[PDB]
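First comes the structure, then the notes that go with it.
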Amino acid sequence: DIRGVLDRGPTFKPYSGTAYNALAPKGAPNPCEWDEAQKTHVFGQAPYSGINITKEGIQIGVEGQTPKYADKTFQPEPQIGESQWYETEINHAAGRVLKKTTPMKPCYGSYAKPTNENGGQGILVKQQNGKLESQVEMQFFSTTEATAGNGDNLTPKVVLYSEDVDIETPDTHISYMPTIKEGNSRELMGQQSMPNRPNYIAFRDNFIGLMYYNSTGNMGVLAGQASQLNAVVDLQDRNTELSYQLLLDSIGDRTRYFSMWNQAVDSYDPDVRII
Amino acid sequence: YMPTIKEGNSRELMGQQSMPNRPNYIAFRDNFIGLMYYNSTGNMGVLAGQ
Amino acid sequence: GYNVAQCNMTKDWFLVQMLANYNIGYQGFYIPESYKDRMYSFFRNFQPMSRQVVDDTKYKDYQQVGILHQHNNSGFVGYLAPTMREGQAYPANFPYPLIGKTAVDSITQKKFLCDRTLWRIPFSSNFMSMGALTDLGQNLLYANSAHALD
Amino acid sequence: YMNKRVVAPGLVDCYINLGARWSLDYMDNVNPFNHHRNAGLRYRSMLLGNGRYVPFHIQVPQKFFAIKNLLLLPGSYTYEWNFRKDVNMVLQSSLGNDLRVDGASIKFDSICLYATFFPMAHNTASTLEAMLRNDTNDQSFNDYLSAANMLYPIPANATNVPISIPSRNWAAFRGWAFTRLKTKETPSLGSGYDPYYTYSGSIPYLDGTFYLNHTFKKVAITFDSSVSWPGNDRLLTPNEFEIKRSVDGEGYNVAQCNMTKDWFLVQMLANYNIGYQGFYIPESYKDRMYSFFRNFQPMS
Amino acid sequence: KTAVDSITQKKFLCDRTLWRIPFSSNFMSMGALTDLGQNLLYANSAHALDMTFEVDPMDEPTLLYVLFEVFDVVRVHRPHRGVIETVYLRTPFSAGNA
Amino acid sequence: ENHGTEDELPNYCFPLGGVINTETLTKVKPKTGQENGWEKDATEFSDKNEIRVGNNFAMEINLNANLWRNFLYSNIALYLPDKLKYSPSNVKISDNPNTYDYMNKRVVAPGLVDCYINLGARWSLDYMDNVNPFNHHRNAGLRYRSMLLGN
Amino acid sequence: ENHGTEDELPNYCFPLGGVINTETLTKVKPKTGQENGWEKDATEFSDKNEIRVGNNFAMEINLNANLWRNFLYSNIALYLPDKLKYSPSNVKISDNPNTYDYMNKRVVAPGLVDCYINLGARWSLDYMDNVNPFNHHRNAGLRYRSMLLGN
Ligand SMILES: [Ca+2]
């Protein structure tokens, strides 16, 4: 009987494909925003329907007569939108986006640790006064043409929240880098991602190699207690292993598997080798 | 998804969606279990000489 | 460490079942022959299962995310319903990665599964099936006296 | 290196060898047991669980033949054994990445031993002991494989390999059995540990998976510089066995394969004593998994 | 109706298995101890051996793995309490100086 | 046998970039002092920012139904008694009813056999009872014999 | 036994006519005896021809993921214990927790089970251990018996 601690390594990938927004097309970029020349451009989206915007925020509900506004930590949720399919009029949409600090990656296989029970993600920082707090900003947009007129209204139409999250790809790699120029730039949006190859790891069949065999350097000993006369003699040109193998083969059916001895048989697929 | 709560016909609707019903089989059991009484003093079977 | 077969079962019960259904075990273990192992037997219907899961305490960033805020496949499928698609795109938040260079400390859970069979316990002196009757069924101590069962 | 490289899908697309039961060339000499569809391998990997950090608890059987089934008798004895810790040996991969570099590890906490007895009646046990002690009732044991094993190097692009055996008695022989192995794959035993060895496929020389037997050409045997065993003018080509022919001008191939008749005949005989009364598919029981006829594949 | 002129290629695969060669006068498995061994015992002689292998070429170092099927047995004797003696024997290729 | 198809979900597609019908817009900042004020900021944010509103484009498809349809069709259809086909229109055809051409250029309407034939019932079609089921195209033995000779 | 899916290649559905987005153009020929320069030639060519510049437009999908997702939702999720489902909105359902209607018109969030659960680990869900795995719609024997009486 053996008990112990095993660390399979940082390259243990037992599944085909990846497990993060697998449905997403293999080219669609995340809502991002980058720098050019010397200004800033934004690529974004806004699925949520609102009611009325203000410099204070975006209305979500009504408590009595006081308007209610979204919590900047986790609203609006990215997976909430209008259900009706036939398009209609909307005037107070909102969305989320990542600031230029965090590097850009495709939507394929994109992860970010949640940082509050509500479910939002956002890099906490240590506030100047001893505490921890988030840092989000709000941006407002109105129609272009609607800027060729007195500020008679200029009412903002679309609201974005900007964020920064520690994105990382745990299982996929870039399959196309258009240009070696590092940093955030307009080129990088052409990149595409591919999942890593599957890769298993385990104990061998019947635990081959776990215990020493056929080596006078470390031969095992079974003996009478007082006599201390070795009862086992081993030679080094006898491969004990191909042995258990074929013997098991015969005196039974290897096709089946058993757990107690980890009894399983290495075997390929009959339709891979021959096409 | 029934966008509204009223009835008749109203733009409101024309936006619904449909969904198939779950499958459901019904037939006799294996070896007709329960088709003949057993171990029931109310309905003991009889095989005897006339 | 009384667990065996890499399941959550003690050795003794495994031995008892193997004996009571195959007279096998006093001389090792192996795979019983097919014709001695019918459909409702023990061995054919024994499946051990095990997994790893995130550790609530030892990991210091554990955050219980309810169902109402798991936004994997954010903008490409409905919300808490099989209905039409919605939502925008945005990196996800679930589930934690158990692999790769940034794995999170985990714990293990094991169990087994067994069906189409009832647990059997033979009334022998040493549990070995040795005939349509038993030795213990004939000894006077249990055959010429009275007893209560608990 | 094996995960970031890339290969154009034009090599093998839906317009390759159409309608032909055939296998690609470069794939023949690459072991197919290194894959992600080895049902045994995926079973064994899943059985530990999908995580990365695992406490494990196993029981390892004893396999030495000389003490496999020996019936011990009362008294005290000492039992001492060893175990490896080299992560690259005990662990099996699916690609061939040397796990030492990648940084896998294993550690042992405690070892325990178990044993089972029989509640046999005491007087009967004593009688059985005494009877078993008389020297006319010793214990005999024979290994299953029971052969001598030799390895000979073969350099790159070689075509000929001669081997020699100095003069010796040959009482009670049984015969030959050969196969081939791909260097970088085979390990190098004989010491506590080795380096200079990176890979992880499926040690073939040590488990069964064998996969290049599709490329030998001819084997010749001589005794004392004059005898062409088995001689006495039996085979189609008396001097030696020629397994597969490249160019045939006389029709010596069978089963539409490129294998000479004689080799088929010899293999059938030595497997099932079948062939002096025609041919026919051997029954299941006399043809186990590792048999010959189970693993015969002709392609064209 | 516009096919090109073609040639054919044939081959075979036999993974998982070992070519073998029995030692008899008829290649038939007629028992554990084949006749030719007994006949050599009759002769009471000694001889040398040569073998030659010709293989397909490969662009990689390789090994040739050869098994000589032989006899090998162990007999175990237990005279007293808490003692055990054993005798090995492997033929033809023996291993002991006594 | 016909249990229908398991298609209780949609398989919408999407556009290559995830968004195509985007719309331009411009930065808006709250005017200082007076409340509800607004004005334009063009110092840092570029004049033109592309943004989508609402959901994104997508095209629906039903997979399992298509797979089944295709199959049933193929097989059972293109093998019903001839009394159920009809010649093509304004295309050259053969006249001998036993050649390759005649068996190839004939056409047969899928409506005869589709994914709604005697649903939930284990059954075989009457027209096929008196037609050889070995002259099909899955005689694994026939396929093997054809392959072994070559392609 | 969730191995994941093989989706290393994309699957693109193309427009029906090959291309759709296209501009018009006009014939041009070199102007002789000038080392450069060009002139219109509508003598024998239409002055307005169709041409598309760049790669054609086509939408993407992911197949194996969707198939596996449909299978998981269809054959597992619906059978979860009633305690985890929730009532629908604005639809009448019966009160008896046993009738066919009440089971049919309930609804269960697909997010509970999808292709991102227990990846790589052969495992059975705790909520399903104590649910009978025999009252099920893929049970071969029961299906056979139901068919055998017709449909
Ligand atoms: Ca134009």
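The way I read the labels, and the way they are meant: chains A, B, ... in the order of the structure tokens, residue 1 as the first residue of every chain, and ligand 1 as the first ligand shown, with later ones counted on from there.
Considering only C-alpha atoms and all ligand atoms, the residues that reside within 7 Å of ligand 1 can be listed as residues 23, 24 and 25 of chain G.
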Just-selected residues, C-alpha atoms written as a PDB file, in the first residue's frame:
```
ATOM      1  CA  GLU G  23     -18.999  47.004 -57.155  1.00  0.00           C
ATOM      2  CA  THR G  24     -19.226  47.896 -60.777  1.00  0.00           C
ATOM      3  CA  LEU G  25     -16.430  48.783 -63.131  1.00  0.00           C
TER       4      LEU G  25
END
```
Excluding range 126-134 of chain F and its own-chain neighbours fewer than 5 positions away, which residues fall within 9 Å of it when counting only C-alpha atoms? Please give them as a PyMOL selection string. chain F and resi 76+79-81+139
Chain C contacts to chain D at 12 Å (only C-alpha atoms) as a ChimeraX atom specification: /C:1-8,11-12,15,25-30,47-55,96-112,124-128
Leaving out residue 102 in chain F and any residue of its chain fewer than 6 positions from it, which residues lie within 12 Å of it when counting only C-alpha atoms, given as JSON, numbers by chain? {"F": [82, 85, 86, 87, 88, 91, 92, 93, 94, 95, 96]}
So that I have them on file, write out the residues from the current selection with C-alpha atoms, as a compact mmCIF listing (two decimals), in the first residue's frame.
```txt
# COMPACT_ATOMS: atom_id res chain seq x y z
CA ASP F 82 -38.62 2.46 -60.15
CA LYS F 85 -39.34 8.06 -60.45
CA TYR F 86 -39.64 10.34 -63.47
CA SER F 87 -37.33 11.43 -66.25
CA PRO F 88 -35.39 14.71 -66.03
CA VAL F 91 -31.26 16.59 -70.42
CA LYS F 92 -29.71 13.77 -72.42
CA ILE F 93 -30.48 10.32 -71.02
CA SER F 94 -30.07 6.69 -72.02
CA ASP F 95 -32.83 4.33 -73.12
CA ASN F 96 -31.71 0.90 -71.91
```
Closest contacts (chain C/chain A, max 6 Å, only C-alpha atoms) as CSV:
```
residue,atom,partner,partner_atom,distance
C:5,CA,A:260,CA,4.2
C:63,CA,A:117,CA,5.7
C:64,CA,A:117,CA,5.7
C:65,CA,A:117,CA,5.7
C:69,CA,A:119,CA,5.5
C:71,CA,A:79,CA,5.9
C:72,CA,A:21,CA,5.9
C:73,CA,A:21,CA,4.1
C:74,CA,A:79,CA,5.1
C:75,CA,A:79,CA,6.0
C:86,CA,A:81,CA,5.4
C:87,CA,A:79,CA,4.4
C:88,CA,A:78,CA,5.6
C:90,CA,A:30,CA,5.9
C:91,CA,A:110,CA,4.7
C:92,CA,A:111,CA,5.1
C:93,CA,A:112,CA,5.5
C:100,CA,A:10,CA,5.0
C:101,CA,A:10,CA,5.0
```
Chain B residues near chain A within 10 Å, closest pair each, using only C-alpha atoms, as JSON lines:
```
{"residue": "B:1", "atom": "CA", "partner": "A:83", "partner_atom": "CA", "distance": 9.3}
{"residue": "B:3", "atom": "CA", "partner": "A:84", "partner_atom": "CA", "distance": 8.4}
{"residue": "B:13", "atom": "CA", "partner": "A:84", "partner_atom": "CA", "distance": 9.8}
{"residue": "B:14", "atom": "CA", "partner": "A:86", "partner_atom": "CA", "distance": 9.2}
{"residue": "B:15", "atom": "CA", "partner": "A:84", "partner_atom": "CA", "distance": 6.2}
{"residue": "B:16", "atom": "CA", "partner": "A:84", "partner_atom": "CA", "distance": 8.2}
{"residue": "B:17", "atom": "CA", "partner": "A:84", "partner_atom": "CA", "distance": 9.7}
```
Produce a file of the selected residues containing N, CA, C and O atoms, as a tab-separated table (two decimals), in the first residue's frame.
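Contents of the output file result_36.tsv:
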```tsv
chain	number	residue	atom	x	y	z
B	1	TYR	N	-42.08	31.73	-24.59
B	1	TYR	CA	-41.99	33.11	-24.13
B	1	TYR	C	-43.21	33.87	-24.58
B	1	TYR	O	-43.35	34.13	-25.77
B	3	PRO	N	-44.54	37.19	-24.46
B	3	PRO	CA	-44.25	38.55	-24.05
B	3	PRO	C	-45.28	39.20	-23.15
B	3	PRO	O	-44.88	39.96	-22.28
B	13	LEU	N	-47.64	40.59	-29.27
B	13	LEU	CA	-47.23	39.22	-29.47
B	13	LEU	C	-46.28	39.11	-30.59
B	13	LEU	O	-45.13	39.46	-30.45
B	14	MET	N	-46.77	38.63	-31.70
B	14	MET	CA	-45.93	38.40	-32.83
B	14	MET	C	-44.50	38.58	-32.45
B	14	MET	O	-43.85	39.47	-32.97
B	15	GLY	N	-43.99	37.75	-31.56
B	15	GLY	CA	-42.59	37.81	-31.18
B	15	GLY	C	-42.29	36.60	-30.35
B	15	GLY	O	-41.17	36.36	-29.93
B	16	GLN	N	-43.31	35.83	-30.11
B	16	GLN	CA	-43.21	34.62	-29.32
B	16	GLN	C	-42.20	33.65	-29.93
B	16	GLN	O	-41.64	33.88	-31.00
B	17	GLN	N	-41.96	32.55	-29.22
B	17	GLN	CA	-41.12	31.46	-29.69
B	17	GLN	C	-41.72	30.14	-29.24
B	17	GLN	O	-42.44	30.08	-28.24
```
Excluding range 226-233 of chain A and its own-chain neighbours fewer than 3 positions away, which residues fall within 8 Å of it when counting only C-alpha atoms? Please give them as a ChimeraX atom specification. /A:220-223 /D:66,78 /E:82-86
Per residue of chain F within 12 Å of chain B, what are the shortest atom pair and its distance in Å to one decimal, counting only C-alpha atoms, with rows by chain and residue number, as CSV?
```
residue,atom,partner,partner_atom,distance
F:3,CA,B:23,CA,9.0
F:4,CA,B:23,CA,9.6
F:5,CA,B:23,CA,10.6
F:6,CA,B:20,CA,9.8
F:7,CA,B:20,CA,8.7
F:8,CA,B:20,CA,6.9
F:9,CA,B:19,CA,8.7
F:10,CA,B:19,CA,10.3
F:119,CA,B:23,CA,12.0
F:120,CA,B:25,CA,9.3
F:121,CA,B:25,CA,11.3
```
Selection to disk with N, CA, C and O atoms, as a PDB file, in the first residue's frame:
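File produced: part.pdb:
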```pdb
ATOM      1  N   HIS F   3     -36.936   7.780 -33.939  1.00  0.00           N
ATOM      2  CA  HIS F   3     -37.231   8.470 -32.696  1.00  0.00           C
ATOM      3  C   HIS F   3     -37.258   9.975 -32.873  1.00  0.00           C
ATOM      4  O   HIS F   3     -37.320  10.706 -31.881  1.00  0.00           O
ATOM      5  N   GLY F   4     -37.211  10.456 -34.105  1.00  0.00           N
ATOM      6  CA  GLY F   4     -37.083  11.876 -34.323  1.00  0.00           C
ATOM      7  C   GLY F   4     -35.658  12.326 -34.067  1.00  0.00           C
ATOM      8  O   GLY F   4     -34.713  11.536 -34.093  1.00  0.00           O
ATOM      9  N   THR F   5     -35.509  13.617 -33.809  1.00  0.00           N
ATOM     10  CA  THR F   5     -34.201  14.202 -33.568  1.00  0.00           C
ATOM     11  C   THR F   5     -34.219  14.970 -32.258  1.00  0.00           C
ATOM     12  O   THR F   5     -35.254  15.493 -31.842  1.00  0.00           O
ATOM     13  N   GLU F   6     -33.061  15.035 -31.613  1.00  0.00           N
ATOM     14  CA  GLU F   6     -32.905  15.751 -30.349  1.00  0.00           C
ATOM     15  C   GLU F   6     -32.362  17.137 -30.673  1.00  0.00           C
ATOM     16  O   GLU F   6     -31.153  17.346 -30.763  1.00  0.00           O
ATOM     17  N   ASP F   7     -33.271  18.091 -30.852  1.00  0.00           N
ATOM     18  CA  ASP F   7     -32.927  19.437 -31.297  1.00  0.00           C
ATOM     19  C   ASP F   7     -33.669  20.483 -30.475  1.00  0.00           C
ATOM     20  O   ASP F   7     -34.307  21.390 -31.007  1.00  0.00           O
ATOM     21  N   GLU F   8     -33.606  20.359 -29.159  1.00  0.00           N
ATOM     22  CA  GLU F   8     -34.296  21.283 -28.273  1.00  0.00           C
ATOM     23  C   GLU F   8     -33.544  22.589 -28.065  1.00  0.00           C
ATOM     24  O   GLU F   8     -33.831  23.301 -27.099  1.00  0.00           O
ATOM     25  N   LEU F   9     -32.589  22.920 -28.924  1.00  0.00           N
ATOM     26  CA  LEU F   9     -31.848  24.163 -28.811  1.00  0.00           C
ATOM     27  C   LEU F   9     -31.549  24.707 -30.197  1.00  0.00           C
ATOM     28  O   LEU F   9     -31.515  23.948 -31.170  1.00  0.00           O
ATOM     29  N   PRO F  10     -31.339  26.010 -30.318  1.00  0.00           N
ATOM     30  CA  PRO F  10     -30.961  26.589 -31.605  1.00  0.00           C
ATOM     31  C   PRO F  10     -29.454  26.624 -31.810  1.00  0.00           C
ATOM     32  O   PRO F  10     -28.663  26.496 -30.876  1.00  0.00           O
ATOM     33  N   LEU F 119     -43.692   8.258 -37.737  1.00  0.00           N
ATOM     34  CA  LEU F 119     -42.860   8.638 -36.610  1.00  0.00           C
ATOM     35  C   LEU F 119     -43.106   7.722 -35.424  1.00  0.00           C
ATOM     36  O   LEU F 119     -44.195   7.169 -35.258  1.00  0.00           O
ATOM     37  N   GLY F 120     -42.071   7.542 -34.613  1.00  0.00           N
ATOM     38  CA  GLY F 120     -42.197   6.746 -33.412  1.00  0.00           C
ATOM     39  C   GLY F 120     -42.548   5.300 -33.643  1.00  0.00           C
ATOM     40  O   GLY F 120     -43.021   4.637 -32.722  1.00  0.00           O
ATOM     41  N   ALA F 121     -42.330   4.786 -34.847  1.00  0.00           N
ATOM     42  CA  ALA F 121     -42.722   3.427 -35.178  1.00  0.00           C
ATOM     43  C   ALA F 121     -41.548   2.689 -35.788  1.00  0.00           C
ATOM     44  O   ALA F 121     -40.900   3.199 -36.704  1.00  0.00           O
TER      45      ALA F 121
END
```
Range 91-103 of chain D surroundings by only C-alpha atoms, 8 Å radius, close-in-sequence under 2 positions cut, as a list in words: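 The contact residues come out as residues 9, 10, 11, 199, 200, 201, 202, 203 and 204 of chain A; 34, 35, 36, 87, 88, 89, 105, 198, 199, 200, 201 and 202 of chain D.
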Selection from above, N, CA and C atoms, as a CSV table (one decimal), in the first residue's frame, can you write it?
```csv
chain,number,residue,atom,x,y,z
A,9,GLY,N,2.2,18.2,-13.2
A,9,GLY,CA,2.9,19.2,-14.0
A,9,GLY,C,2.0,20.3,-14.5
A,10,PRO,N,2.6,21.3,-15.1
A,10,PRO,CA,1.9,22.4,-15.6
A,10,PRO,C,1.5,22.3,-17.0
A,11,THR,N,1.6,21.1,-17.6
A,11,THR,CA,1.2,20.8,-18.9
A,11,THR,C,0.3,19.6,-19.0
A,199,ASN,N,-3.6,16.4,-23.9
A,199,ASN,CA,-2.4,15.7,-23.4
A,199,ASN,C,-2.7,15.1,-22.1
A,200,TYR,N,-2.8,13.7,-22.1
A,200,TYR,CA,-3.1,13.0,-20.8
A,200,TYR,C,-1.8,12.7,-20.1
A,201,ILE,N,-2.0,12.1,-18.9
A,201,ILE,CA,-0.8,11.6,-18.1
A,201,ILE,C,-1.4,10.8,-17.0
A,202,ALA,N,-0.7,9.7,-16.6
A,202,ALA,CA,-1.2,8.8,-15.6
A,202,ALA,C,-0.1,7.8,-15.1
A,203,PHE,N,-0.5,6.8,-14.3
A,203,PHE,CA,0.3,5.7,-14.0
A,203,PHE,C,0.2,4.7,-15.2
A,204,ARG,N,1.3,3.9,-15.4
A,204,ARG,CA,1.3,3.0,-16.5
A,204,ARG,C,0.4,1.8,-16.2
D,34,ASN,N,1.0,6.3,-28.8
D,34,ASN,CA,1.1,7.6,-28.3
D,34,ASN,C,0.0,8.4,-29.0
D,35,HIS,N,-1.1,8.7,-28.3
D,35,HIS,CA,-2.3,9.3,-28.9
D,35,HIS,C,-3.1,9.8,-27.8
D,36,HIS,N,-4.3,10.4,-28.1
D,36,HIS,CA,-5.3,10.8,-27.1
D,36,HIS,C,-6.6,10.0,-27.3
D,87,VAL,N,10.2,10.5,-12.2
D,87,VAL,CA,8.9,10.8,-12.7
D,87,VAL,C,8.7,10.3,-14.1
D,88,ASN,N,9.8,10.3,-14.9
D,88,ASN,CA,9.7,10.0,-16.3
D,88,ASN,C,9.4,8.5,-16.5
D,89,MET,N,9.8,7.6,-15.6
D,89,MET,CA,9.5,6.2,-15.8
D,89,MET,C,8.1,5.9,-15.4
D,105,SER,N,6.3,16.1,-10.4
D,105,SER,CA,6.9,15.6,-9.2
D,105,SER,C,6.0,14.6,-8.5
D,198,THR,N,15.5,11.4,-23.1
D,198,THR,CA,14.3,12.2,-23.1
D,198,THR,C,13.3,11.7,-24.1
D,199,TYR,N,12.1,11.4,-23.6
D,199,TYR,CA,11.0,11.0,-24.4
D,199,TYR,C,9.9,10.5,-23.5
D,200,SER,N,8.9,9.8,-24.0
D,200,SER,CA,7.9,9.3,-23.0
D,200,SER,C,6.9,8.6,-23.7
D,201,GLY,N,7.1,8.2,-24.9
D,201,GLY,CA,6.0,7.6,-25.7
D,201,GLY,C,5.4,6.4,-25.0
D,202,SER,N,5.8,5.2,-25.5
D,202,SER,CA,5.3,4.0,-24.9
D,202,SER,C,6.4,3.0,-24.9
```
Please give the complete set of residues from chain C that DSSP, run on the backbone, assigns to helix (DSSP H, G or I), formatted as a ChimeraX atom specification. /C:11-22,43-45,67-69,140-142
Store the residues picked out above in a file with N, CA, C and O atoms, as an mmCIF file, in the first residue's frame.
```
data_model
loop_
_atom_site.group_PDB
_atom_site.id
_atom_site.type_symbol
_atom_site.label_atom_id
_atom_site.label_comp_id
_atom_site.auth_asym_id
_atom_site.auth_seq_id
_atom_site.Cartn_x
_atom_site.Cartn_y
_atom_site.Cartn_z
ATOM 1 N N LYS C 11 -11.579 -2.350 2.664
ATOM 2 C CA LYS C 11 -11.156 -3.630 2.112
ATOM 3 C C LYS C 11 -12.123 -4.734 2.492
ATOM 4 O O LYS C 11 -12.488 -5.566 1.655
ATOM 5 N N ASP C 12 -12.560 -4.744 3.749
ATOM 6 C CA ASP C 12 -13.305 -5.883 4.263
ATOM 7 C C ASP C 12 -14.590 -6.104 3.487
ATOM 8 O O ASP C 12 -14.928 -7.244 3.150
ATOM 9 N N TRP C 13 -15.316 -5.035 3.180
ATOM 10 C CA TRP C 13 -16.539 -5.224 2.416
ATOM 11 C C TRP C 13 -16.241 -5.753 1.024
ATOM 12 O O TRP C 13 -16.979 -6.599 0.503
ATOM 13 N N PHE C 14 -15.175 -5.254 0.400
ATOM 14 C CA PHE C 14 -14.801 -5.756 -0.914
ATOM 15 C C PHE C 14 -14.532 -7.248 -0.856
ATOM 16 O O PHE C 14 -15.017 -8.019 -1.694
ATOM 17 N N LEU C 15 -13.764 -7.672 0.143
ATOM 18 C CA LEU C 15 -13.457 -9.085 0.282
ATOM 19 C C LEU C 15 -14.722 -9.891 0.490
ATOM 20 O O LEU C 15 -14.895 -10.957 -0.111
ATOM 21 N N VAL C 16 -15.627 -9.395 1.330
ATOM 22 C CA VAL C 16 -16.836 -10.151 1.622
ATOM 23 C C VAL C 16 -17.669 -10.330 0.366
ATOM 24 O O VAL C 16 -18.166 -11.426 0.087
ATOM 25 N N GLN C 17 -17.836 -9.266 -0.415
ATOM 26 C CA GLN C 17 -18.631 -9.403 -1.628
ATOM 27 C C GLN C 17 -17.972 -10.351 -2.614
ATOM 28 O O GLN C 17 -18.638 -11.226 -3.192
ATOM 29 N N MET C 18 -16.664 -10.202 -2.816
ATOM 30 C CA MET C 18 -15.985 -11.070 -3.763
ATOM 31 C C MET C 18 -16.141 -12.529 -3.364
ATOM 32 O O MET C 18 -16.454 -13.378 -4.204
ATOM 33 N N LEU C 19 -15.961 -12.835 -2.080
ATOM 34 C CA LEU C 19 -16.161 -14.206 -1.634
ATOM 35 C C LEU C 19 -17.590 -14.651 -1.886
ATOM 36 O O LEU C 19 -17.829 -15.654 -2.564
ATOM 37 N N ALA C 20 -18.558 -13.883 -1.393
ATOM 38 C CA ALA C 20 -19.936 -14.344 -1.407
ATOM 39 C C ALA C 20 -20.473 -14.523 -2.810
ATOM 40 O O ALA C 20 -21.489 -15.200 -2.986
ATOM 41 N N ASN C 21 -19.843 -13.924 -3.813
ATOM 42 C CA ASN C 21 -20.352 -14.104 -5.160
ATOM 43 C C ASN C 21 -19.437 -14.889 -6.081
ATOM 44 O O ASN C 21 -19.865 -15.243 -7.182
ATOM 45 N N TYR C 22 -18.199 -15.160 -5.692
ATOM 46 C CA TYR C 22 -17.339 -15.936 -6.567
ATOM 47 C C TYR C 22 -16.424 -16.916 -5.858
ATOM 48 O O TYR C 22 -15.647 -17.593 -6.535
ATOM 49 N N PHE C 43 -19.706 -7.768 -9.842
ATOM 50 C CA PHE C 43 -18.547 -7.138 -10.456
ATOM 51 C C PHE C 43 -18.907 -6.305 -11.675
ATOM 52 O O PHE C 43 -18.336 -5.231 -11.874
ATOM 53 N N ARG C 44 -19.823 -6.785 -12.513
ATOM 54 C CA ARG C 44 -20.119 -6.067 -13.745
ATOM 55 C C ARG C 44 -20.693 -4.685 -13.474
ATOM 56 O O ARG C 44 -20.604 -3.801 -14.329
ATOM 57 N N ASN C 45 -21.273 -4.472 -12.297
ATOM 58 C CA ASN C 45 -21.979 -3.228 -12.023
ATOM 59 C C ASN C 45 -21.316 -2.427 -10.913
ATOM 60 O O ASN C 45 -21.992 -1.931 -10.010
ATOM 61 N N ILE C 67 -25.556 31.168 -9.470
ATOM 62 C CA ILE C 67 -25.896 30.855 -10.848
ATOM 63 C C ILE C 67 -26.250 32.108 -11.631
ATOM 64 O O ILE C 67 -25.904 32.213 -12.811
ATOM 65 N N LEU C 68 -26.900 33.083 -10.997
ATOM 66 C CA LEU C 68 -27.425 34.238 -11.711
ATOM 67 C C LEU C 68 -26.344 35.164 -12.243
ATOM 68 O O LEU C 68 -26.679 36.223 -12.780
ATOM 69 N N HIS C 69 -25.066 34.823 -12.088
ATOM 70 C CA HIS C 69 -24.017 35.718 -12.552
ATOM 71 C C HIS C 69 -22.852 34.962 -13.179
ATOM 72 O O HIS C 69 -21.726 35.469 -13.212
ATOM 73 N N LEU C 140 -25.765 -27.542 16.402
ATOM 74 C CA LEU C 140 -26.848 -27.593 17.372
ATOM 75 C C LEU C 140 -27.091 -26.241 18.022
ATOM 76 O O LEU C 140 -28.235 -25.908 18.348
ATOM 77 N N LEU C 141 -26.035 -25.447 18.205
ATOM 78 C CA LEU C 141 -26.176 -24.188 18.926
ATOM 79 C C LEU C 141 -27.245 -23.309 18.297
ATOM 80 O O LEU C 141 -27.991 -22.626 19.005
ATOM 81 N N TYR C 142 -27.347 -23.325 16.972
ATOM 82 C CA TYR C 142 -28.366 -22.562 16.271
ATOM 83 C C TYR C 142 -29.512 -23.431 15.781
ATOM 84 O O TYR C 142 -30.362 -22.946 15.030
#
```
Residue contacts of residue 30 in chain E (10 Å, only C-alpha atoms) excluding same-chain residues fewer than 6 positions away, as a PyMOL selection string: (chain D and resi 270+273) or (chain E and resi 24)
Provide the CA of residue 116 in chain F to CA of residue 71 in chain G distance in Å, to one decimal place.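 A separation of 21.1 Å between them.
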Tell me as JSON, numbers by chain which residues belonging to chain F come within 10 Å of chain E, counting only C-alpha atoms. {"F": [148, 149, 150, 151]}
Test item, strand (DSSP E or B) assignment across range 29-186 of chain A, answer as a ChimeraX atom specification: /A:29,32-36,39-46,48,53-54,57-63,66-69,93-98,106,111,125-127,131-133,137-142,158-163,168,172-176
Identify every residue of chain D that has at least one atom within 6 Å of any atom of chain F, counting only C-alpha atoms, and report the result as a PDB file with C-alpha atoms, in the first residue's frame.
```pdb
ATOM      1  CA  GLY D  19     -11.971   4.994 -51.474  1.00  0.00           C
ATOM      2  CA  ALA D  20      -8.802   3.110 -50.543  1.00  0.00           C
ATOM      3  CA  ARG D  21      -8.338   1.167 -47.321  1.00  0.00           C
ATOM      4  CA  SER D 300      -3.185  -2.015 -51.229  1.00  0.00           C
TER       5      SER D 300
END
```
Considering only C-alpha atoms, return as an MDAnalysis selection string whatever protein or nucleic-acid residues lie within 10 Å of range 248-260 of chain D, sequence-local ones (same chain, fewer than 4 positions apart) excluded. (chainID D and resid 236 241:244 264:265 297:300) or (chainID E and resid 9:13) or (chainID F and resid 148:149)
